[PDB]
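Colleague: No letters, just coordinates:
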């Protein structure tokens, strides 16, 4: 739910009607297919919250 | 508040229960059906009275 904004440098997810930016994790996004067919797509990290829980 | 028209239309798929990736992955298809349906609506009035 929401939209991928950029403050100029980094990318965020906000709700659509009020600017509160979150870090793009894997629990506020969903994947679908490869990054080939979407017309206009940026490369930015999507932080998995599990991966810094092994340590 | 301005918003790019693919990203506007994806919100409008998301408002009818179709997820947002259905728009982008078929975007050039959806634009082509859209243009061919507005091209068809002149002819539905420039014809049958």
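Modeller: Arrived safely, thanks for sending. Residues are numbered from 1 along each chain as shown, chains lettered A, B, ... in the order given.
Colleague: Excluding chain neighbours, what is closest to the residue of chain B at minimum distance from chain A?
Modeller: For chain B, the residue closest to chain A is residue B:21, as judged by C-beta to the nearest C-beta, at 4.0 Å. Quick note: C-beta positions are derived from backbone N, CA and C, even for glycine. In space, and not counting its chain neighbours, residue B:21 is closest to residue A:32: 4.0 Å by C-beta to C-beta, 6 or more residues apart in numbering or on different chains.
Colleague: What is the one helix or strand residue B:34 maps to packed up against?
Modeller: According to DSSP states H and E, residue B:34 maps onto helix B:27-42. In this structure, helix B:27-42 packs against no helix or strand, with contacts taken as 3 or more C-beta pairs under 8 Å, 6 or more residues apart in numbering or on different chains; DSSP states H and E.
Colleague: Need the residues that contact it.
Modeller: A:38, A:39, B:6, B:9, B:23 (C-beta atoms under 8 Å, 6 or more residues apart in numbering or on different chains).
Colleague: For chain B, what's its nearest residue on chain A.
Modeller: Relative to chain B, the nearest point of chain A is residue A:32 (4.0 Å; C-beta to the nearest C-beta).
Colleague: Is it correct that the residue of chain B closest to chain A is in contact with residue A:33?
Modeller: Yes. Counting by C-beta atoms under 8 Å, residue B:21 touches residue A:33, with 7.2 Å between them.
Colleague: neighbour-wise, which of these two wins?
Modeller: residue B:21 (17 against 10; other C-beta atoms under 10 Å in any protein chain shown).
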